[PDB]
Every structure is written in C-alpha cells, then in structure tokens.
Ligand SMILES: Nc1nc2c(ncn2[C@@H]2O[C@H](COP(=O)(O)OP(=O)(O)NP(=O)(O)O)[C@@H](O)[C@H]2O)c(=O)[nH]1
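First comes one chain, alone, set out as structure tokens in the form deposited without the named molecule.
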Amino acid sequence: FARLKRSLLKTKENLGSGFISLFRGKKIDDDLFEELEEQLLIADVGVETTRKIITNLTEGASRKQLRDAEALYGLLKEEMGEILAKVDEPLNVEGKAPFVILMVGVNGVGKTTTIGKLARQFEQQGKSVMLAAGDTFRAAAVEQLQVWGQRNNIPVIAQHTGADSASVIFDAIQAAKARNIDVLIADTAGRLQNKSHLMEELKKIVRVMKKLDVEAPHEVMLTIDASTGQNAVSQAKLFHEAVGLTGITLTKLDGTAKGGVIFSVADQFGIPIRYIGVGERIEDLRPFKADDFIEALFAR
C-alpha cells in the first residue's frame, strides 16, 4: 500500500516505522519507555490509550524477558494492530430500500464533500443513490450538494434555507422509497457552538425517520478530521453521547502528524471506523482495513 504509506509519512515520524530509530541500539529501561510515551502522545494517541499501550508493552516485554529495545517494535505492531482490529467492521449498505446513512459531525470537517465521495463509490458498485440536504441553514452547503448532484445525475432533496431538517429528511426517505433508491445519504447541521440545540435537532431527525422505517437510520456516521487531533475525540464523545454513532469516517490523515488519534478514537469508543481519508481522490476515501493500515504504518 504505497499510497497509504505515503499519506502516513507525518504520522510515521513518531509511530510504526517511527519507532525503529527510537529503539535502535537502546536497552529497555524507564528512560526508553519515557521517550516512547512521548512519541505516542505527540502523535495524539491520547493519554489513556498511550497508558494501555505502554502497560501491555511493559508486560509482554517482561514475559519474553527482552533486553534489547529493537524487539519492542513487533510487540507494538501486535498491540496497536489489536486496537484497530476491534473497530474493523466494514460498512455494508446492501439490501435496504433505501439504506439510510445519517452523516453527523461539526461544520468544517468536509462532511458534504465526504457525502459526495461516498455517493460516487456506491454508484461505482452499481447502487442507486439519493442525497438529502439536511444542513438546511447553510445555503452554501445545500447549494454545493444540489449543483454537484445535478451534474452527476444524482437526485438531491432540498428545501428553502431554514427548512426543518427532520422534515427535509422525512421527505427524502419518502422520495427514496418511491424511486427504489438503494442508498440515501443525509447531510446535517454542524454548529457545535450550541451543543444542546444541535443534539436536539439530530435526535428529532432520528425520531422522525421511524415514521417511515423502524430501521432508519441504518448507519449514523460521524465524520472527523484527523488533523484536529484530540478535538476529533471530543467531538466523537459529544455526538455519541447524544445520538448513537454506528460508524466513523476519519479524514485528512494525509499530511498530519496527529494520525495517532485513530488509535485514541478506536480504543475509547469501540465504534467501527468505516473509512479513512488518505488523499483527495474519490478512492482516497478508503474503506478502513485495520491490517492494511498497520502494515503501511509500520513498514520501513
């Protein structure tokens, strides 16, 4: 995974292959674990997840009675591989009419653009897609979706600026079912300034969907930006506590040294990481595969 390896360069400065130069010729002691702990934190692995990692490393190293630091690399590969393995369930949007994905997250992390990429990917697999411009007060985000949808021959349900979000989405599910759409992707508001207001809106949207399908939304997908580091974790915590997240898309891993936040997100929530954005192309919004990611992160 060449493209994946290249996109992770900044994170690899401290993690994965980044561990190699740190362990080189070192002996295993408190100083070393201290330095390792520092590289993990710098990469935004997070205090709690770093502690779990160091603790399990400490133990595994003692069980095998290791003396030379170079060997800690493989133990870390296994330990960190384990953390991501627990959230490796791929998103399966098949067999529904439609399969409803409610895209949540704050403004400015590229939700609308992620919606476009996901819509193209599903069409490239043979599925029909419909979009719902549920971020009703942001005329620019609604217009972005409408214009792009028009030219890609993808129906977009939208109403006047300030329309009730739950109503636009209700109408979109209604239109999706009438037209035999396979996947419906709904955008949502993202002003985290007034958290209670935003969360109540999402709760309403979710309640209203039940009038049409007891199973909708089939996926509540949070989009977070890896370059915002631990802010991504704070955002995940907020949305998850309010509404139930069933999937996470982590974008902008390319170029940030904070790629370690993926471990923090995986470990603290246990919510499947569905996609990781590692470039600007449609295919760069990669369905997440824990093994490919770990191999790319740890490869020299």
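Position 1 is the first residue in the sequence shown; the rest follow in order.
Here the subject shifts to the form deposited with the named molecule bound, a form of this protein not shown in this document.
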message: Would the named molecule, positioned as it is in the entry with it bound and superimposed via the C-alphas around its site, fit into this form without 3 or more of its atoms falling within 2.4 Å of the backbone or C-beta atoms? Open or blocked?
response: blocked
task: Considering the named molecule in the entry with it bound, find the one stretch among 261 to 269, 247 to 255, 23 to 31, 45 to 53 with heavy atoms no farther than 4.5 Å from it.
output: 247 to 255
field: Residue contact check: residue 278 to the named molecule in the entry with it bound, 4.5 Å heavy atom
entry: yes
query: Is residue 121 close to the named molecule in the entry with it bound, meaning a heavy atom pair under 4.5 Å apart or at it?
result: no
field: the named molecule contact at residue 126 in the entry with it bound, heavy atom, 4.5 Å
entry: no
- prompt: Is residue 92 close to the named molecule in the entry with it bound, meaning a heavy atom pair under 4.5 Å apart or at it?
  reply: no
- prompt: Between the options 161, 107, 230, 150, which residue brings a heavy atom to within 4.5 Å of the named molecule in the entry with it bound?
  reply: 107
